[PDB]
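Everything in the sequence shown is counted per the working numbering, starting at 40 for the first residue and increasing by one.
Using N, Cα and C, we set each Cβ at its ideal position, and we do this for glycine too.
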Amino acid sequence: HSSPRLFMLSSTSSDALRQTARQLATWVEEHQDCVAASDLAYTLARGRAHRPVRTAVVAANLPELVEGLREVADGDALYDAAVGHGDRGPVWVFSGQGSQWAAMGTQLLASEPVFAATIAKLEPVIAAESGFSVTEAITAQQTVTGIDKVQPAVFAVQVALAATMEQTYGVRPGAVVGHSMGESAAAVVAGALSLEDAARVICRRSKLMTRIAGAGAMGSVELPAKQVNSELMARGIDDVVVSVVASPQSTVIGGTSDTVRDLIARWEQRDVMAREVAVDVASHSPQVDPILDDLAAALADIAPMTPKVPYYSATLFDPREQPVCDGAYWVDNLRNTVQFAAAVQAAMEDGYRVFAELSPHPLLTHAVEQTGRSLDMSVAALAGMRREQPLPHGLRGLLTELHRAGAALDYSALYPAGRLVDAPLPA
């Protein structure tokens, strides 16, 4: 087929990668009439041991590839070395609310059949539970609004991104990490809950949250949580708590609207990077106390299962402990402080270095990097999607970035068959 292909090439330095690109362009130009584009793509991906400094060239024909390789060979770009050693899969990071955007699902519904099939599966469940079309919501001219619509819609995108990456691109995650509502998608991917039970969890939890919409406020501050807690106790504040611990230098507070606003005003004045976060309900604070008995009742039938993938819980007090995702877990999930930094840190201490955020737009990339920096580790924090990013080739770009970063993946998914070819082998 004269369709565009992904040609991988790697080396030990940026300059040696250019030398490899020039040698390959010269070879492809001399043997273009003898080599099939598909066989060369297969050989480069599955017949070569990928070295640390990686790149890939997209091309529909061999003369197009020679231009793309010569572009690399003649350039002056700095190619970052892979952070992972191809031994562990990526850690999927599922962030909370706030990533949603207008017609976020349109391009992936068209370019990714596994994304469309997962949305199709979810459609009747979300329709029965929350009373709306998740397909109309993720393809609308306006951004999804209302906690009862936002949470099911963002969850649906997260889960459909994970299924595409596993089924279509051969990317089995090494571990999962969720941040607040991101834990429903994390639990489906890890195998702790079925897609349907996890959709029931997000639909029911968001319907109950609409009863308390308006109660409380949240704020982000660039201070460590130990410090923030000291300030609250010192000031005599009992109605505002630490809601999220995202990074060793970043904290989210939550509680009554007035006190949160007062705290942000005085932190801003002291040149500390404070900011009220737009949220309908102040979660992970006593503001959610009224709906916790009702939530437990709604999730009484939810059937948890033993996670088949390492799940770094931000709800549990030990993130390395494996969750029992019953109704009690999801009530603690809503009320307890999101210990995201602790979970990311445990995954990094355990050896994971490639993190990819499967969400409509990246909310935690900066937090993952701050945890890596604090541990003096070189990590990769990738975004699956960005707001208004064109995706003509679906998630093939994320696949390239995962490969470039050194995440372990099954190369027989994107390059299923072909002939090994006598292309050059660099010394």
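Give the range of the beta strand (DSSP E) segment to which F379 is assigned.
Counting from 1 along the sequence shown, the entry for residue 379 is found at position 340. Run containing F379: none in the beta strand (DSSP E); it sits in the alpha helix (DSSP H), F379 to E388.
Among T439, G411 and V132, which one has its Cα closest to the Cα of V227?
For the purposes of this step, residue 227 is taken as residue 188 along the sequence shown, with counting starting at 1. Here the closest residue by C-alpha is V132.
Taking all protein chains shown into account, decide if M312 is buried (16 or more other Cβ within 10 angstroms of its Cβ) or exposed.
Working through the sequence shown from its first residue, we reach residue 312 at position 273. Counting Cβ neighbours within 10 Å, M312 comes out exposed, since fewer than 16 surround it.
Tell me which residues share the same chain as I241 and place their Cβ nearer than 6 Å to its Cβ, disregarding the 5 neighbours each side in the sequence.
Along the sequence shown, one-based indexing puts residue 241 at 202. Counting only Cβ-Cβ distances below 6 Å, and skipping sequence neighbours, we find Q190, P191, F194 and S223.
Based on DSSP bridge pairs, tell me the residues matched to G293.
For the purposes of this step, residue 293 is identified with residue 254 of the sequence shown, where counting begins at 1. According to DSSP, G293 bridges with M257 and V280.
Where do the N-terminal and C-terminal ends of the beta strand (DSSP E) with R314 fall, by residue?
By one-based count along the sequence shown, residue 314 stands at place 275. Where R314 is concerned, the enclosing beta strand (DSSP E) stretches over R314 to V316.
So with Cβ pairs under 8 Å, would you call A446 a contact of chain C?
Among the protein chains of the structure shown there is no chain C, as only one such chain exists.
Let me know if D72 comes out buried or exposed under the rule of 16 or more other beta-carbons within 10 Å of its beta-carbon.
Counting from 1 along the sequence shown, the entry for residue 72 is found at position 33. Exposed is the call here.
Going by the DSSP bridge assignment, what does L48 pair with across the sheet?
Position 9 of the sequence shown, counted from the start, is the residue given in the question as residue 48. Beta-bridge pairing links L48 to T94.
Name the residue from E205, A317 and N268 whose alpha carbon lies nearest to the alpha carbon of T184.
As a position in the sequence shown, residue 184 is number 145, starting the count at 1. For the residues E205, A317 and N268, the minimum Cα distance to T184 belongs to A317.
Going by beta carbon distance, what residues of the same chain come within less than 6 Å of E68, once the five residues before and after it are set aside?
Here residue 68 refers to the residue found at position 29 when the sequence shown is read from its first residue. Answer for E68: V105, listed in chain order.
Give the DSSP-derived three-state secondary structure of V122 in the structure shown.
Residue 122 sits at position 83 when you count from the first residue of the sequence shown. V122: coil per DSSP, three-state reduction.
Counting along the chain, where does the alpha helix (DSSP H) carrying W66 start and finish?
Here residue 66 is taken as the residue at index 27 of the sequence shown, counted from 1. Taken as a continuous stretch (DSSP letters only), the alpha helix (DSSP H) holding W66 covers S53 to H70.
Starting from the Cα of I165, find the closest Cα among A252, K246, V280 and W140 and give me that residue.
Position 126 of the sequence shown, counted from the start, is the residue given in the question as residue 165. Measuring from the Cα of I165, the nearest candidate turns out to be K246.
Going by C-alpha to C-alpha distance, which of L79, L331, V196 and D187 sits closest to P43?
Along the sequence shown, one-based indexing puts residue 43 at 4. Answer by Cα proximity: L79.
Find the nearest neighbour of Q136 within the set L437, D187 and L459, judged by alpha-carbon distance.
Here residue 136 is taken as the residue at index 97 of the sequence shown, counted from 1. Considering only alpha carbons, the answer is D187.
Give the straight-line distance between the Cα atoms of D236 and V260, rounded to the nearest whole angstrom.
The residue you call residue 236 lines up with position 197 of the sequence shown. The residue you call residue 260 lines up with position 221 of the sequence shown. If I take the Cα positions, the gap works out to 35 Å.
Does the contact criterion of 3 or more C-beta pairs under 8 Å hold for the segment 111 to 124 versus the segment 44 to 60?
At 8 Å Cβ cutoff, the stretches touch.
Check each candidate in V130, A225 and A456 and name the one with the smallest Cα separation from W369.
Looking up residue 369 in the sequence shown gives position 330. Out of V130, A225 and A456, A225 has the C-alpha closest to the C-alpha of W369.
Using CA atoms only, rank isn't needed, just tell me which of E396, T439 and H442 is closest to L421.
Residue numbering aside, residue 421 sits at position 382 when the sequence shown is read from its first letter. Here the closest residue by C-alpha is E396.
Consult DSSP for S286 and reduce its assignment to one of helix, strand or coil.
On the sequence shown, residue 286 is found 247 positions in, with the first residue counted as 1. Reduced to three states, the DSSP call for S286 is strand.
Report yes if the CB atom of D278 is closer than 8 Å to the CB atom of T295, and no otherwise.
The residue given as residue 278 occupies position 239 in the sequence shown. The residue given as residue 295 occupies position 256 in the sequence shown. In this structure, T295 lies closer than 8 Å to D278 by Cβ.
Where does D319 land, buried or exposed, given buried means 16+ other C-beta within 10 angstroms?
Position 280 of the sequence shown, counting from 1, holds the residue named residue 319. Label assigned to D319: buried.
I think residue 468 touches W140, with their Cβ atoms under 8 Å apart; what is that distance to the nearest whole Å?
In the structure displayed, the chain extends from 40 to 466; residue 468 sits before or after that span and is not available.
Is it buried or exposed for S352, if we count other Cβ within 10 angstroms and need 16 for buried?
The sequence position of residue 352 within the sequence shown is 313, counting from 1. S352 is buried by the Cβ-count criterion.
Going by Cα to Cα distance, which pick from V173, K160, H89 and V210 is closest to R127?
Mapped onto the sequence shown, residue 127 falls at position 88. Comparing Cα-Cα distances from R127 to each of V173, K160, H89 and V210, the minimum goes to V210.
Output yes or no for whether 8 Å exceeds the beta carbon distance between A112 and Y454.
By 1-based counting over the sequence shown, the position of residue 112 is 73. By 1-based counting over the sequence shown, the position of residue 454 is 415. No, they are not a contact pair.
Please go through the segment 378 to 464 and give each complete alpha helix (DSSP H) segment of 4 or more residues, from N-terminal end onward.
Fully enclosed alpha helix (DSSP H) runs of 4 or longer: 379 to 388, 404 to 413 and 435 to 444.
For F394 and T410, I'd like the C-alpha separation in whole angstroms.
One-based indexing of the sequence shown puts residue 394 at position 355. One-based indexing of the sequence shown puts residue 410 at position 371. Using only the alpha carbons, I get a separation of about 12 Å.
Is it a yes or a no for the segment 361 to 377 touching the segment 328 to 340, going by three-plus beta-carbon pairs under 8 Å?
The segment 361 to 377 vs the segment 328 to 340: in contact.
Leaving out five residues before and five after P91 in sequence, what residues of the same chain have Cβ atoms less than 6 Å from its Cβ?
Taking the first residue of the sequence shown as position 1, residue 91 is located at position 52. The residues are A120 and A121.
Would a C-beta distance cut-off of 8 Å place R93 and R392 closer than the cut-off?
As a working note, residue 93 is residue 54 in the sequence shown. As a working note, residue 392 is residue 353 in the sequence shown. No, the Cβ-Cβ distance between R93 and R392 is not below 8 Å.
Could you pull the start and end residues of the alpha helix (DSSP H) that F154 belongs to?
Position 115 of the sequence shown, counted from the start, is the residue given in the question as residue 154. Run containing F154: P152 to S169, per the alpha helix (DSSP H) assignment.
My assumption, with CB atoms under 8 Å, is that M248 sits in contact with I330. Please give the rounded CB distance.
The residue you call residue 248 lines up with position 209 of the sequence shown. The residue you call residue 330 lines up with position 291 of the sequence shown. Indeed, because the Cβ distance is near 7 Å, the residues count as touching under 8 Å.
Measuring straight from C-alpha to C-alpha, what distance separates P465 and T404?
Translated into positions along the sequence shown, residue 465 becomes position 426. Translated into positions along the sequence shown, residue 404 becomes position 365. Rounded to whole angstroms, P465 to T404 spans 35 Å at the Cα level.
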